[PDB]
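*Asks:*
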Amino acid sequence: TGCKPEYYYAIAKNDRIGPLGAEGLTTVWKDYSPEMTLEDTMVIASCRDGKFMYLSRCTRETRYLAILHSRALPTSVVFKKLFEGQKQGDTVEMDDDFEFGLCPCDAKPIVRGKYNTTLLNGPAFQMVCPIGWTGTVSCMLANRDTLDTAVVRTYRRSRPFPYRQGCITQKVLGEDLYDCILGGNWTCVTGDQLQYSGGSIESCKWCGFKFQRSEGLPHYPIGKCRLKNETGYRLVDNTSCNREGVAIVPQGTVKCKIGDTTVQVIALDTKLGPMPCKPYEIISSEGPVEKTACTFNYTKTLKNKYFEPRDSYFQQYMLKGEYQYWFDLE
Amino acid sequence: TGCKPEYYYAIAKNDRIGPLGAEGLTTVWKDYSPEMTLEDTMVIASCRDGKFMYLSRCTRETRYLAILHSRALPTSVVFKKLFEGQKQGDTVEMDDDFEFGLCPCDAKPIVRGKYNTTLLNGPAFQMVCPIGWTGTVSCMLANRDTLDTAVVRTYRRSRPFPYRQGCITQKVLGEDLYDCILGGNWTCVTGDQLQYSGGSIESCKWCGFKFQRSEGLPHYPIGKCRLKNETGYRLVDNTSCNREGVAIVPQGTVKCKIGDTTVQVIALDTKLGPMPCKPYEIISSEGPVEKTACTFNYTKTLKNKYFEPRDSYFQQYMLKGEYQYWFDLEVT
Ligand SMILES: *[C@@H]1O[C@H](CO)[C@@H](O)[C@H](O)[C@H]1NC(C)=O
Ligand SMILES: *[C@@H]1O[C@H](CO)[C@@H](O)[C@H](O)[C@H]1NC(C)=O
Ligand SMILES: *[C@@H]1O[C@H](CO)[C@@H](O)[C@H](O)[C@H]1NC(C)=O
Ligand SMILES: *[C@@H]1O[C@H](CO)[C@@H](O)[C@H](O)[C@H]1NC(C)=O
Ligand SMILES: *[C@@H]1O[C@H](CO)[C@@H](O)[C@H](O)[C@H]1NC(C)=O
Ligand SMILES: *[C@@H]1O[C@H](CO)[C@@H](O)[C@H](O)[C@H]1NC(C)=O
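Read top to bottom, the protein sequences are chains A and B.
Letter by letter, the first sequence follows residues 100 to 429 in our numbering.
Letter by letter, the second sequence follows residues 62 to 393 in our numbering.
1. Ignoring anything shorter than 3 residues or poking outside the stretch 240-278 of chain B, list the beta strand (DSSP E) runs there in chain order.
2. Just checking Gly259(B) against ligand 6 - is the residue's beta carbon closer than 6 Å to any of the ligand's heavy atoms?
3. So what does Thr217(A) bridge to, in DSSP terms?
4. Could you check whether the Cβ of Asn215(A) sits closer than 6 Å to any heavy atom belonging to ligand 7?
5. Would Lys366(B) be called buried (16 or more neighbouring beta carbons within 10 Å of its own) or exposed?
6. Shorter than 7 Å from the beta carbon of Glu276(B) to some beta carbon of chain A?
7. DSSP state of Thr161(A), grouped into three classes?
8. Per the contact definition of three or more C-beta pairs closer than 8 Å, is the stretch 326-334 of chain B in contact with the stretch 357-371 of chain B?
9. So, for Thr98(B): in the same chain, excluding its five sequence neighbours on each side, which residues have a beta-carbon less than 7 Å away from its beta-carbon?
10. Is there a Cβ of chain B sitting closer than 7 Å to that of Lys399(A), yes or no?
11. Pick helix, strand or coil for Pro335(B), following the three-state DSSP scheme.
12. Can you list, in chain order, every residue whose CB sits closer than 7 Å to a heavy atom of ligand 5?
13. Tell me whether the beta-carbon of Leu390(B) lies closer than 7 Å to the beta-carbon of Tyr378(B).
14. Measure the C-alpha to C-alpha separation of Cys355(A) and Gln273(B) and round it to an integer number of angstroms.
15. So what's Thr292(B) in DSSP terms, helix, strand or just coil?
16. At a CB distance below 9 Å, what residues from the stretch 330-350 of chain A approach chain B? Give them in sequence order.
17. Please check the pair residue 394(B) and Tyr294(B), which I expect to be a contact at CB under 8 Å, by giving their CB distance rounded to whole angstroms.
18. Helix or strand or just coil, what does DSSP make of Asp205(A)?
19. Taking 6 Å as the cut-off, is the C-beta of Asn328(A) nearer than that to any heavy atom in ligand 3?
20. Specify the secondary structure class of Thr245(A) as computed by DSSP and reduced to three states.
21. Give a yes or no on whether the minimum CB-CB distance between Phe308(A) and chain B is below 7 Å.
22. Closest Cβ-Cβ distance between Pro373(A) and chain B: below 7 Å?
23. Assuming contact is defined by CB atoms lying nearer than 7 Å, are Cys200(B) and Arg218(B) in contact in what I supplied?
24. Taking residue 46(B) as the reference, which of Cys166(B), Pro165(B), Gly183(B) and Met188(B) has the closest Cα?
25. With a cut-off of 8 Å on the beta carbons, I'd call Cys268(B) and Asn246(B) a contact; round off their distance for me.
26. Starting from the Cα of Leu281(A), find the closest Cα among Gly298(A), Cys228(A) and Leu172(A) and give me that residue.
27. Is the beta carbon of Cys303(A) less than 7 Å from the beta carbon of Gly322(A)?
28. Report whether the distance from the Cβ of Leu218(A) to the nearest heavy atom of ligand 1 is below 6 Å.
29. Helix, strand or coil for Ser339(A), going by three-state DSSP, please let me know.
30. Please tell me whether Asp157(B) and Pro221(B) are closer than 7 Å, where the distance is taken between their beta carbons.
31. Would you mind listing the alpha helix (DSSP H) stretches within the stretch 63-97 of chain B that are 4+ residues and don't spill past its ends, in chain order?
32. Give a yes or no on whether 7 Å exceeds the smallest Cβ distance from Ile319(B) to chain A.
33. Can you pull out the residues from the stretch 342-366 of chain B whose beta carbon lies closer than 7 Å to at least one beta carbon of chain A?
34. For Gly196(B), which residues does DSSP report across the bridge?
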């Protein structure tokens, strides 16, 4: 547990003792030194602050600290087990708050899970926002000549990782704000669109057009809306773009207005029905852009009674009170 | 018996002889003459060839021929019964061409028939154009103040008289040609208007208006039409003047035209329907009579789709193709 001045120290692979002394020494016998270090392929032994501290580099074989007095017989060696060795490797069960892991023996981490959440750098790996993640991390050693693989450590997560603090579990896809069913931050997996619960609204999107006020619309908020506190759109309504056989569509035949927003519409039926908007531009007959002269012929008739023919322009009998009209346009 | 030169002749009601001679004489004593005629209310005695022939004018009382010689006593009178008095009436069945009848015994003809077609003068009567007539003519004689009535003869026509030549069986009433259902000439009975037949029509009169051409009308000929041949109108049809729910009437509210004819019409319902005519008068907006300034606002829309509000003047969404119109009319 501590380095003593009149003792010899070494690292051992076994506890056995023979006629010439301890068996299985991995290092040579080293005299006491303040800060003295013993080194082999598996461990680094350091004499620090009058205390014995260790740093494992590999755990494939069991290691001991061998102690022998300078005056004593070489067969009087004392061993202190540092760690038990397993060639197939140690199996670590990842706890709920597990984040960082280091693969021993300079092994490469091989991740087998629900979705990739791991950041990898040499033998080091990082589980980034593993919310709902299950699977294993296998520390593997390859061979340049034989091409055989050996496992030195297995990190396992049987049941899903619970919710983790400091993880954004909402992601913008295009302009729509989606929920992260699994993961967080960049490890996020898209589920469904987030729904409007409350809060201040920046704008709303309905039938492919943007609105910031209720005027002209059936109601407000409508369709999907973006909060002043977010960059994406949350789903508010499922309201139909089809109104009286008149469907508001981003690529429409005729332009008209809903409040301040210019809207495009298409006819679904040729029935007599209203437009779900207000006129885009009202052109005058005497207007500078277009000149069209108006003249009309009229006669006396009985109420709701018509004479032949039907107005050339309107294709209908123009009747008001006890009079019939026939217009002539430029 | 015959007449002889040295005898006197007379007509008698009886065979009785008194101290002064014959007592039932109806005529005066007449001397022999070659055509000698004796006349009374019942008989006409004529000695045509020296041989007597008779013509009865009544048979209710018995008549005798009284003969008396010029040299003999007036009580030596001889009587020859001409006929026995028959108090029962005769019954004549009027033939198809029967026209004149004479009531015997100077009786008055009493006519009981379908309609009045008889000309009457004393006992004489005349059936004037009796086409379809049925009934009886009773020759009646009333005596003193008894009030008793006696039928001397009955003229009967059980089945109707057939059509008779030389009788006009069509009469004009105002301007319409009517058919004479019974009679003819002045005895005519008119009940229905003559139905049209033939090729040449002068003019038609439907709903109180005159037409000479098919233009504007439902069809032609229509209503009552006059032939080039006649003065009156003949019935062609009963077609309604109520065209839809609009009536064509001689005294109407609004004037309009059917062909060349100016027609007057009245509304019977306010339901959306057509006028059965063409406009009478077409007044222009820029016309000299009246001036009306026309201006309009328009926008693009979808077919049969409207924007608010309705046209102020038309109280309707003015839509043509993909354009909506709003008119502004101002009187000048
Ligand atoms: C999975 O994880 C690695 C580590 O961040 C990342 O670079 C890689 O792009 C991921 N795979 C995909 C296809 O997103
Ligand atoms: C997730 O992102 C936020 C904001 O960039 C950051 O504060 C947080 O540390 C990230 N979480 C992890 C586990 O990297
Ligand atoms: C503000 O935005 C955050 C996400 O950045 C969201 O979780 C929160 O619910 C929003 N605030 C309100 C009041 O809805
Ligand atoms: C003609 O006939 C009518 C109807 O029967 C009758 O009232 C009228 O008195 C008759 N007139 C003559 C002149 O016979
Ligand atoms: C009817 O009148 C016509 C014309 O005057 C005449 O020829 C005819 O004899 C008349 N018939 C009778 C029976 O009155
Ligand atoms: C005219 O002709 C019709 C037959 O088409 C005939 O009934 C009518 O009596 C004729 N009139 C004259 C005056 O000839």
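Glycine included, each C-beta is placed from N, C-alpha and C at the ideal position.
*Replies:* Checking against the coordinates, here is how it stands:
1. 250-254, 262-267 and 270-272
2. yes
3. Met226(A)
4. Ligands present in the displayed structure are limited to ligand 1, ligand 2, ligand 3, ligand 4, ligand 5 and ligand 6, and ligand 7 is not among them.
5. buried
6. no
7. coil
8. no
9. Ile105, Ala106 and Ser107
10. yes
11. strand
12. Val189(B), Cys190(B), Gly227(B), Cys228(B), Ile229(B), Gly245(B) and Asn246(B)
13. no
14. 59 Å
15. coil
16. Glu343, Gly344 and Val345
17. The shown model of chain B, from 62 to 393, leaves out residue 394(B), and the question about it has no answer.
18. helix
19. yes
20. coil
21. no
22. yes
23. no
24. As shown, chain B starts at 62 and ends at 393. That puts residue 46(B) outside it, with no answer to give.
25. At roughly 34 Å, the Cβ-Cβ gap does not stay under 8 Å, so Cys268(B) and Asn246(B) are not in contact.
26. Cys228(A)
27. yes
28. yes
29. coil
30. no
31. none
32. no
33. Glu342, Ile343, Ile344, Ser345, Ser346, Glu347, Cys355, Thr356, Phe357, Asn358, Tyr359, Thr360, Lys361, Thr362, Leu363, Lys364, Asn365 and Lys366
34. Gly174(B) and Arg218(B)
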